[PDB]
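Quick notes on the structure that follows.
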Amino acid sequence: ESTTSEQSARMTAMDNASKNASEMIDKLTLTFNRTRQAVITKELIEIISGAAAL
Amino acid sequence: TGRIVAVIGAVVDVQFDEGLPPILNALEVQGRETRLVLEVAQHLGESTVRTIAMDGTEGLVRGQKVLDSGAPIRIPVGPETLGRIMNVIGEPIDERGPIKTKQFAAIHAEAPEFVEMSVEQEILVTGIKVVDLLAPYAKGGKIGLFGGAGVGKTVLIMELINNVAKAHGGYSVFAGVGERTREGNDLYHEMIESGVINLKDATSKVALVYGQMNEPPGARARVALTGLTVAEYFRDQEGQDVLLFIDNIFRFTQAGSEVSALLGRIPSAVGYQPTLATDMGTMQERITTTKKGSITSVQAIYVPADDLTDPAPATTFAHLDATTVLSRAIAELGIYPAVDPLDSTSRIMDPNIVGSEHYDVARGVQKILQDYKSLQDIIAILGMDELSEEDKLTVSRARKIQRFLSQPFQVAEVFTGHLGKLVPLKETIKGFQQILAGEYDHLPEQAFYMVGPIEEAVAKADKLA
Amino acid sequence: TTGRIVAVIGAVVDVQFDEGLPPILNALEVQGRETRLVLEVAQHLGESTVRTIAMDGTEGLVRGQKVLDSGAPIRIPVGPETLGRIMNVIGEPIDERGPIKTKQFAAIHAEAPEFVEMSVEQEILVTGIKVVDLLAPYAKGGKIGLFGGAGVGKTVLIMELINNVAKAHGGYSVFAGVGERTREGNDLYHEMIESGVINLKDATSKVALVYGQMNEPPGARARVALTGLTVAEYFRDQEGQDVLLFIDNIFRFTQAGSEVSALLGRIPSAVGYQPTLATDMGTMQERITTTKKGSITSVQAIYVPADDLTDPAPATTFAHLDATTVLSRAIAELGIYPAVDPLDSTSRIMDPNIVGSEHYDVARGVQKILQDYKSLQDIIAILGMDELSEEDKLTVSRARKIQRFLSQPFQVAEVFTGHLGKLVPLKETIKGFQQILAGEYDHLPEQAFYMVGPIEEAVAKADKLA
Amino acid sequence: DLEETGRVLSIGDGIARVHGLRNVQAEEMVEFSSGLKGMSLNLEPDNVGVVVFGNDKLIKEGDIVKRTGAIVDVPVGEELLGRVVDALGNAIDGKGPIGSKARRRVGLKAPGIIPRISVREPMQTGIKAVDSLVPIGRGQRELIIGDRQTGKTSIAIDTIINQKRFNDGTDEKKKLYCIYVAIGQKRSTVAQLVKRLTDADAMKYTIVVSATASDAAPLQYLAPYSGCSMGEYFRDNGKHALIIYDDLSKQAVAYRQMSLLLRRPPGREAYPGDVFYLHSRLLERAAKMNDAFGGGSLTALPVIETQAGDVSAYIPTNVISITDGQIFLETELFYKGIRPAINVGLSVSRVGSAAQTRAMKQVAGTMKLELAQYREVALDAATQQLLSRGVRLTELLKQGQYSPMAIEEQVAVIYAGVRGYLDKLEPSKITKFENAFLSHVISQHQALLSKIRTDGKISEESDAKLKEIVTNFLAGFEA
Amino acid sequence: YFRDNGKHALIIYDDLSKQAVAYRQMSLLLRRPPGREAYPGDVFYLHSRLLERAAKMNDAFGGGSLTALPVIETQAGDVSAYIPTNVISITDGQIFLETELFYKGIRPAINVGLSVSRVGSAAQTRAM
Amino acid sequence: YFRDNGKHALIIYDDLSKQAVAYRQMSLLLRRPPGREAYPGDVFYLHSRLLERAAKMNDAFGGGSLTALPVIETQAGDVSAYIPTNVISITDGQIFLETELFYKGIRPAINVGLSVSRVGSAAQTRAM
Ligand SMILES: Nc1ncnc2c1ncn2[C@@H]1O[C@H](COP(=O)(O)OP(=O)(O)OP(=O)(O)O)[C@@H](O)[C@H]1O
Ligand SMILES: Nc1ncnc2c1ncn2[C@@H]1O[C@H](COP(=O)(O)OP(=O)(O)O)[C@@H](O)[C@H]1O
Ligand SMILES: [Mg+2]
Ligand SMILES: [Mg+2]
């Protein structure tokens with residue numbers, strides 16, 4: 001009896017874990033892409049300032 | 001007659017003593033073995049212009065003579081462009097001699113004015129079941145074609161060309177913007193095999209304009225406009241509904257970015273040109289419905305870094321009236337065309353535009369596929385007999401629904417050995433409505449797979465077993 | 001003497017003088033205009049030309065147009081006659097009540113008090129706001145800063161502070177509106193007339209108003225904080241007295257500096273900011289200070305560009321403050337108001353020798369349990385609550401109630417909440433949290449601790465539901 | 001004559017550089033020989049820098065430039081009602097000259113503190129979720145913000161159409177003139193939009209100002225200022241106008257294009273440091289006037305498009321920090337079918353209760369609270385019943401497009417939900433209940449709705465009447 | 001020379017990452033406007049004109065061919081970097097190698113999942 | 001002066017983050033081109049030359065010493081930042097303080113795991 005209950009509960013906990021992870025992944029990917037673009041932008045503005053100052 | 005005063009890569013400065021060429025004017029460099037066109041970009045002051053070269057600048061000398069042609073780049077327009085390939089400046093690059101046209105046309109035409117606009121949304125019937133039902137195309141609209149290689153993308157483009165000429169009579173233009181040369185050759189020959197291009201007669205349905213990956217950015221930036229110009233003759237002078245393919249929009253934006261950098265302009269967010277949205281806008285706005293006719297445009301879209309918020313796809317997305325999403329997963333299931341029935345979208349999917357009957361069936365087909373997705377996430381974890389009595393009914397219908405979404409293409413007849421089908425909108429609707437109503441629950445799934453109208457879905461079952 | 005305008009771009013005007021070049025900071029008067037247009041000298045460019053910053057719009061200016069040197073910086077009305085009045089950047093009345101008949105004027109540029117003039121007096125200023133009083137208390141005569149991104153509660157908080165502290169304070173207030181909403185200025189003015197803190201009849205007004213809002217061109221937004229601070233400086237010095245100074249929003253001073261730096265000729269620094277960000281800020285902030293002559297309790301609202309506290313503007317501001325209240329969008333989205341981050345707000349007087357060991361121990365106890373809870377959240381986020389021991393389940397329970405008990409309804413927020421505003425004595429804030437920490441209320445639901453005053457109101461709210 | 005005239009030195013780098021125009025004013029409108037207009041932006045020792053309000057490619061070195069003597073202004077007045085104009089106030093609808101008798105400077109500074117009074121008159125949208133939870137008052141600025149295709153424009157358009165009911169009536173304090181400014185949109189889209197307005201008979205009280213996707217950046221820059229000036233004519237003449245800026249995201253990218261070509265130093269996302277001020281000076285001009293200035297108002301609904309729900313971005317946080325509230329639309333709520341996709345949690349009206357009918361406070365004054373609490377948590381105790389109420393109320397706030405509701409019809413619907421009548425009901429059925437219930441109270445209980453409207457309150461006699469309606473209605477249908 | 005004279009050649013560019021760095025040096029010192037990662041705008045065009053010269057000639061043009069194997073070095077496996085982005089978009093496919101596979105004992109360390117040949121089957125004998 | 005006259009001094013630079021900012025302003029306004037984060041190209045040198053002046057002197061020079069405790073402000077815990085990394089690379093060791101630790105009750109908020117000092121003379125003490 002215990003084993004059947006434990007395996008079913010293990011299934012559920014892992015299902016919940018992977019759903020929570022997927023939600024975090026989705027949110028972090030958005031932050032990743034924003035940050036990715038912002039680093040290109042920032043870098044480039046620095047080089048352009050460096051060029052204009054000469 | 002101007003004289004070259006500076007050359008730095010694809011940027012050439014030219015001095016004129018009296019007749020200064022307006023911005024956008026084409027200039028022809030004298031004493032070169034092949035045609036070298038410079039497009040005026042700026043008036044620098046002191047009778048000097050800055051121009052962008054349409055081909056390589058090697059061998060240019062300061063003092064070398066340059067003629068103002070008196071107008072923008074002008075290209076051949078008319079029926080004799082069909083089945084031909086031209087470059088950005090309208091020269092034939094298919095070694096079949098002169099494009100003997102009775103008219104030429106300038107490539108920087110203004111978009112139609114606000115008064116010229118149609119007040120009404122209207123449907124462009126492709127004859128393709130997935131598209132027409134779930135994500136229909138609009139006349140005068142822009143469609144975003146998503147997906148990489150090996151997903152039947154070239155076969156879909158060719159089918160759209162074939163079906164549009166088959167059903168409406170209208171013509172197609174294909175602008176290859178920054179494509180690999182090898183792929184332009186493949187497409188050319190794939191078009192000859194299918195019959196959309198015919199080298200023996202006048203029955204070609206498409207005109208090609210190519211601006212390859214290895215050409216200067218000025219050339220790659222104007223290819224889309226050259227194609228638009230060819231298209232605009234058919235719409236305006238022949239009063240037609242024309243199809244403009246652009247492959248692809250990312251490279252149009254990329255070349256715009258390079259031209260802006262050549263001119264020494266300060267880059268905007270993520271490296272793109274400051275004029276990103278106006279560059280796009282001046283081009284996309286020429287794709288519209290007017291009173292003489294319409295141009296509809298299918299645009300292959302590449303998404304850098306898988307990032308839909310990247311300024312390039314983000315800017316394009318504003319102009320799109322529909323999306324057609326091609327997927328490997330759908331192809332791996334054996335479904336062709338490999339259109340994702342849930343990820344594809346259309347702005348004209350409104351009861352007032354497509355009709356009450358169209359919207360209901362489409363929203364009903366969309367729902368049952370969404371059910372099938374949630375029902376399949378219970379079978380894999382648990383089992384098939386863990387679901388109710390009504391659950392297996394929605395599965396059986398939805399399996400036949402995705403099979404009646406698949407379609408044999410006319411342009412794919414040479415390879416698979418099966419005859420292709422063009423299905424009217426009315427037969428697509430009433431066919432799908434009958435599956436949801438349950439009128440075909442007594443039939444096997446394989447009867448609905450790779451057929452045309454529902455009359456074939458009934459008859460195929462009789463032939464089998 | 002008189003100059004001629006040689007260039008105009010937005011707020012930046014170049015002026016050539018044939019004789020008598022005006023010193024930097026001198027106010028120039030443009031001739032031939034319907035209302036007074038002051039140009040402040042910013043730079044000597046050479047060749048008898050000065051570069052200046054306009055204090056109003058420059059539309060209509062023509063190259064050649066004449067300019068008169070006033071022979072001094074911008075000078076404004078200071079003194080008791082400013083109380084109950086509204087002035088703009090250049091000291092003109094904007095309340096349609098005629099001249100401000102002061103017996104003195106003062107230049108808006110002044111040397112910051114010297115090191116010798118500093119005071120070291122530390123005395124608690126009780127706000128009646130639980131999170132502040134408990135975790136990061138304000139000091140009388142200290143510098144207070146309220147950090148927040150767009151729409152998180154800076155103005156609501158500053159208005160609660162004006163309501164809660166100004167009454168108890170027995171002196172004069174100055175409110176400077178810097179680059180904020182004109183209608184908030186109108187709301188504030190009429191509310192003060194209604195309450196009586198501004199009187200339109202008698203000399204009993206206790207607040208001087210100075211405004212240069214987000215409708216104004218950058219020169220005005222950059223200088224107007226100096227206008228307000230100059231009024232406060234007079235009350236502090238010529239009286240030797242306790243002044244309250246309120247500013248919403250000091251960020252706009254720095255932002256306005258960046259808009260003109262663009263045209264002044266300076267090579268930009270990080271994120272496109274003026275290279276002089278930190279020194280401009282220091283020259284201004286160091287005058288907003290208590291001295292041996294008198295006390296200024298200052299409260300400044302501080303905008304945070306795109307919620308980024310590491311942005312140069314808010315980053316440079318922290319060093320100027322004695323107490324900081326940091327508002328968090330994430331805390332607001334839990335519906336917790338005021339949205340103060342308990343793990344990012346600090347005070348100089350949060351010291352056992354100053355607030356007492358009891359106040360201190362409870363404050364640190366609260367912060368410890370909130371941090372411990374914060375550490376569990378990456379695990380909870382994925383693995384959920386079932387992986388936690390029964391001792392950690394109690395830390396989560398006690399921490400969620402402590403989070404909620406730090407929330408409070410504000411008098412000024414009844415228009416948004418539909419709840420009566422609450423003022424909580426320090427002794428009741430201390431006892432209240434000290435009891436939750438002790439587990440004395442482990443039997444109540446979380447939601448009973450939401451939007452209440454003292455602890456007895458949680459117990460009452462818990463009995464309202466079965 | 002180089003005092004009143006000039007000649008183009010250079011063109012193609014954004015701003016045109018012009019020799020001469022010695023007597024030209026800063027911000028003065030000037031005329032090019034090609035028929036284009038421009039604005040004197042930069043006055044320099046040796047040149048005038050001129051922003052071109054059209055296609056700069058039509059200008060050549062040596063072209064003649066002429067002073068107009070007037071600071072940039074636009075046609076203003078009631079002749080613009082029912083008309084479509086570009087950013088300069090010129091007709092583009094094909095119906096000939098506007099016929100305007102007055103003009104206003106586009107860059108005129110917003111009214112100060114003294115000429116104003118607190119907003120107190122409702123600006124009714126007819127959309128349940130807005131009029132109940134995010135009520136707008138006349139003279140307010142309220143942002144509409146969300147991703148592409150989340151229903152932003154629809155809120156604006158349904159708001160304009162809703163005013164017909166007041167504009168056809170007598171009650172003159174209740175009339176509302178509308179201005180739709182389209183910035184950076186397709187011409188086809190704008191034409192479909194004026195069609196819909198014409199179908200609804202909304203065009204007769206609306207001005208459309210359009211600077212579209214193929215219009216030069218300076219025209220997109222100018223458009224909102226031009227529309228705003230037209231609104232200000234009503235605002236200052238004792239009338240009420242509503243302005244829609246659709247959208248300010250597109251205006252800001254046109255201004256960034258102009259700023260980059262001028263080589264102004266870019267900050268976050270390459271925007272110049274004055275992007276905040278671009279929008280702050282514009283939005284300050286929506287105002288409620290005190291009676292000494294005629295009592296009029298101009299209400300503004302700016303539109304901002306976010307990218308993948310990022311409301312913490314530069315342009316979004318700027319505008320949030322300018323306006324008196326925001327209506328946040330969300331993609332997740334949208335494509336799930338919750339339309340309008342208002343995130344009731346995040347959406348605020350920094351005015352709130354002040355500009356709302358008493359009958360709405362009596363219902364929405366509890367519905368507002370029960371929904372930010374619900375959002376957080378997205379057998380058990382009171383935590384679960386928060387979720388049970390939240391789902392019913394959400395469904396209750398759903399509304400089809402072009403389905404205006406008068407405030408009294410809105411309170412009766414909200415009443416049924418907020419009092420707990422649908423608490424026993426299943427969430428799926430809420431939509432069907434509302435449609436049948438509303439059409440029933442509209443059919444025979446016009447007396448009740450009339451009582452709630454005129455009294456501007458739910459009186460005890462209305463309260464007990466409605467209680468008997470809902471109870472007897474609830475039971476009696478086929479399921 | 002071999003392609004045009006009916007013969008077949010293979011060319012390896014080891015590596016194009018280093019070629020772009022050298023080009024960026026020249027371009028910056030010529031004070032040409034810099035772009036992303038300080039590479040000039042024509043850095044795409046640098047590689048596109050080079051790699052489009054690899055071709056298969058038809059019989060009417062001699063039958064010869066030039067095959068190109070450009071090599072790119074990635075940093076931390078970021079294929080979204082500027083130069084790897086350009087070259088991936090130009091070529092007909094990639095063989096992708098990985099340190100994790102290498103040390104696992106997969107040598108050659110080819111990630112088959114991430115590797116593609118867009119010519120594919122057409123370049124194989126029937127037996128294969 | 002103490003170092004060289006046979007005595008011992010301790011110097012605290014509170015803090016070097018703010019000195020670099022001032023150096024950046026001055027240098028930019030002198031029209032010296034902006035480097036990484038708009039800092040001057042030699043911001044490393046600004047700090048390296050200063051800290052190298054802390055030294056222990058031999059007996060022939062007086063046996064004196066100067067010890068330095070520079071202070072660096074990080075932003076959101078970013079030790080990998082430009083100025084922080086410079087000074088980490090210069091110093092003999094570092095005491096790392098953390099907000100998490102501070103609020104957890106660890107005060108002084110030293111991260112013992114990350115904090116390092118150079119060996120210690122044998123003499124720190126003997127019973128210690
Ligand atoms: N209340 C509603 N009920 C049903 N459908 C709606 C509702 N509101 C909007 N829609 C639909 O949502 C779609 C997008 O609406 P709308 O154009 O208003 O959004 P948007 O955010 O302004 O889009 P865009 O990005 O194109 O500017 C439209 O097709 C519209 O018909
Ligand atoms: N203490 C509070 N209680 C309830 N609501 C608040 C509180 N502070 C802020 N809010 C909500 O946030 C909105 C913006 O607050 P405000 O202080 O105006 O923002 P900002 O930080 O931009 O000045 C208010 O209109 C209100 O809806
Ligand atoms: Mg505020
Ligand atoms: Mg819209």
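Numbering starts fresh at 1 for the residues of each chain in the structure tokens, the chains themselves are lettered A, B, ... in the order given, and ligands are numbered from 1 as they appear.
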
Check which residues of chain B sit at most 7 Å from chain A using only C-alpha atoms, and return one row each with the closest pair of atoms and their distance in Å to one decimal, ordered by chain and rising number, as a tab-separated table.
```
residue	atom	partner	partner_atom	distance
B:269	CA	A:41	CA	5.3
B:270	CA	A:41	CA	4.9
B:271	CA	A:41	CA	6.5
B:307	CA	A:33	CA	6.7
```

**OP:** Set the cut-off to 7 Å, count only C-alpha atoms and all ligand atoms, and list whatever residues fall near ligand 4 as number ranges by chain.
**Re:** D: 149, 151-153, 246

**OP:** Please provide the set of residues having any atom within 12 Å of range 160-169 of chain B, restricted to only C-alpha atoms, with same-chain residues fewer than 6 positions apart removed, written as a PyMOL selection string.
**Re:** chain B and resi 124-128+131-132+137+139+153-154+191+194-197+203-207+234+238-245+296-298+337+409-412+420-425

**OP:** May I have the residues within 7 Å of ligand 1, computed using only C-alpha atoms and all ligand atoms, as a PyMOL selection string?
**Re:** (chain B and resi 318+347) or (chain D and resi 146-155+339-340+399-401)

Original post:
So how far away is CA of residue 252 in chain D from CA of residue 279 in chain D, in Å?
Top reply: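 Separating CA of residue 279 in chain D from CA of residue 252 in chain D is a distance of 8.4 Å.
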
Give me, as a Markdown table, each residue of chain D that comes within 12 Å of chain A, together with its shortest interatomic pair and the distance in Å at one decimal, counting only C-alpha atoms, with rows ordered by chain and rising residue number.
```
| residue | atom | partner | partner_atom | distance |
| --- | --- | --- | --- | --- |
| D:260 | CA | A:45 | CA | 11.1 |
| D:263 | CA | A:52 | CA | 9.6 |
| D:264 | CA | A:49 | CA | 10.7 |
| D:265 | CA | A:49 | CA | 8.0 |
| D:266 | CA | A:45 | CA | 7.1 |
| D:267 | CA | A:45 | CA | 8.0 |
| D:268 | CA | A:42 | CA | 7.6 |
| D:269 | CA | A:41 | CA | 6.5 |
| D:270 | CA | A:41 | CA | 7.0 |
| D:271 | CA | A:41 | CA | 10.6 |
| D:272 | CA | A:45 | CA | 11.7 |
| D:307 | CA | A:34 | CA | 9.5 |
| D:308 | CA | A:30 | CA | 7.5 |
| D:309 | CA | A:30 | CA | 9.2 |
| D:310 | CA | A:30 | CA | 8.8 |
| D:312 | CA | A:34 | CA | 10.9 |
| D:313 | CA | A:34 | CA | 9.4 |
| D:314 | CA | A:38 | CA | 11.6 |
```

Selection from above, N, CA and C atoms, as a CSV table (one decimal), in the first residue's frame, can you write it?
```csv
chain,number,residue,atom,x,y,z
D,260,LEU,N,19.3,60.5,-33.0
D,260,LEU,CA,20.5,59.8,-33.5
D,260,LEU,C,21.2,60.4,-34.7
D,263,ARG,N,23.1,63.1,-33.9
D,263,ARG,CA,24.2,62.7,-33.0
D,263,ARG,C,24.1,63.1,-31.6
D,264,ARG,N,22.9,63.2,-31.1
D,264,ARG,CA,22.7,63.4,-29.6
D,264,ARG,C,23.1,62.1,-28.9
D,265,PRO,N,23.7,62.2,-27.7
D,265,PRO,CA,24.2,61.0,-27.0
D,265,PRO,C,23.1,60.1,-26.5
D,266,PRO,N,23.0,58.9,-27.0
D,266,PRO,CA,22.0,57.9,-26.6
D,266,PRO,C,22.3,57.3,-25.2
D,267,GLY,N,21.2,57.0,-24.5
D,267,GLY,CA,21.2,56.2,-23.2
D,267,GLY,C,20.6,54.9,-23.4
D,268,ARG,N,19.8,54.5,-22.5
D,268,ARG,CA,19.1,53.2,-22.5
D,268,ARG,C,18.3,53.1,-23.8
D,269,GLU,N,18.4,51.9,-24.4
D,269,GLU,CA,17.9,51.6,-25.8
D,269,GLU,C,18.3,52.6,-26.8
D,270,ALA,N,19.4,53.3,-26.6
D,270,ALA,CA,19.8,54.3,-27.6
D,270,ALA,C,18.8,55.5,-27.7
D,271,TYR,N,18.0,55.7,-26.7
D,271,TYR,CA,17.1,56.9,-26.6
D,271,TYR,C,17.9,58.1,-26.1
D,272,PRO,N,17.6,59.3,-26.6
D,272,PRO,CA,18.3,60.5,-26.0
D,272,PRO,C,17.7,60.8,-24.6
D,307,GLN,N,7.1,45.1,-24.9
D,307,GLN,CA,7.6,43.9,-25.6
D,307,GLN,C,7.6,42.8,-24.6
D,308,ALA,N,6.9,41.7,-24.9
D,308,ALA,CA,6.8,40.5,-24.1
D,308,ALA,C,6.5,40.9,-22.6
D,309,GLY,N,5.6,41.8,-22.4
D,309,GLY,CA,5.1,42.1,-21.1
D,309,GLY,C,6.1,42.9,-20.2
D,310,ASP,N,7.0,43.6,-20.8
D,310,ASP,CA,8.1,44.3,-20.0
D,310,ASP,C,7.7,45.7,-19.7
D,312,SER,N,8.7,47.4,-17.1
D,312,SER,CA,9.8,48.0,-16.5
D,312,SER,C,10.8,48.6,-17.5
D,313,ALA,N,10.5,48.5,-18.7
D,313,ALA,CA,11.3,49.2,-19.8
D,313,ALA,C,11.3,50.7,-19.7
D,314,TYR,N,12.2,51.3,-20.4
D,314,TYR,CA,12.5,52.8,-20.4
D,314,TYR,C,11.2,53.6,-20.7
```

Original post:
Which RMSD value, in Å, describes how well chain F fits onto chain E when all C-alpha atoms are paired in order and fitted by least squares?
Top reply: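 Result: 1.1 Å C-alpha RMSD.
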
Original post:
Given a cut-off of 9 Å, what residues near ligand 2 show up using only C-alpha atoms and all ligand atoms, put as a VMD selection string?
Top reply: (chain C and resid 147 to 160 180 248 to 249 301 to 303 327 332 335 to 339 407 to 417) or (chain D and resid 320 to 322 324 to 325 347 to 352)

Subject >> Residue neighbourhood residue 319 in chain B, 10 Å, only C-alpha atoms, exclusion window fewer than 4 positions, as a ChimeraX atom specification >> reply: /B:141-144,280-281,284-285,287,314-315 /D:185-186,189,213

**OP:** If you run DSSP over the backbone, which residues in range 141-220 of chain B end up alpha helix (DSSP H)? Put them as a count of residues only.
**Re:** 33

**OP:** Pull out every residue of chain C sitting within 6 Å of chain F, counting only C-alpha atoms, and send them as a PyMOL selection string.
**Re:** chain C and resi 269-270+275-276+367-368+371

Subject >> Selection near range 64-71 of chain F, 7 Å with only C-alpha atoms, sequence-local residues under 2 positions removed, as a list in words >> reply: residues 2, 3, 4, 5, 6, 7, 8, 9, 10, 11, 12, 13, 14, 15, 16, 51, 54, 55, 56, 57, 62 and 73 of chain F

Original post:
From the list A:53, A:47, A:9, A:25, which residue is nearest chain C when using only C-alpha atoms?
Top reply: A:53

**OP:** Could you please tell me, as a ChimeraX atom specification, which residues of chain C have an atom within 9 Å of chain A when using only C-alpha atoms?
**Re:** /C:267-272,381-384

**OP:** Tell me, as a ChimeraX atom specification, which residues lie within 12 Å of residue 228 in chain D, counting only C-alpha atoms; anything in the same chain fewer than 5 positions away does not count.
**Re:** /D:73-76,87,89,104-110,178-181,207-209,222-223,233-235,241-245,279,281-287,297-302

**OP:** Could you find all residues in range 9-63 of chain B that DSSP calls strand (DSSP E or B) from the backbone, and write them as a ChimeraX atom specification?
**Re:** /B:11-15,26-29,37-45,48-53

Need the shell around residue 320 in chain C: protein/DNA/RNA residues with any atom at most 7 Å away, counting only C-alpha atoms. Skip same-chain ones fewer than 2 positions apart. Format as a CSV table (one decimal) with C-alpha atoms, in the first residue's frame?
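Output file part.csv follows:
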```csv
chain,number,residue,atom,x,y,z
C,285,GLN,CA,23.0,68.1,-1.9
C,317,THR,CA,22.2,59.5,-4.2
C,318,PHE,CA,22.6,56.9,-1.4
```

Original post:
Quick one, how far is CA of residue 52 in chain E from CA of residue 192 in chain B?
Top reply: 23.3 Å

Original post:
Given a cut-off of 8 Å, which residues of chain C touch chain D, counting only C-alpha atoms, written out as number ranges by chain?
Top reply: C: 6-10, 58-63, 94-96, 149-151, 180-183, 185-187, 214-216, 255, 258-259, 262, 268, 271-273, 305-307, 333-335, 415-418

Subject >> Atomic distance CA of residue 168 in chain D - CA of residue 210 in chain D, expressed in Å with one decimal >> reply: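 So the two atoms, CA of residue 168 in chain D and CA of residue 210 in chain D, lie 26.3 Å apart.
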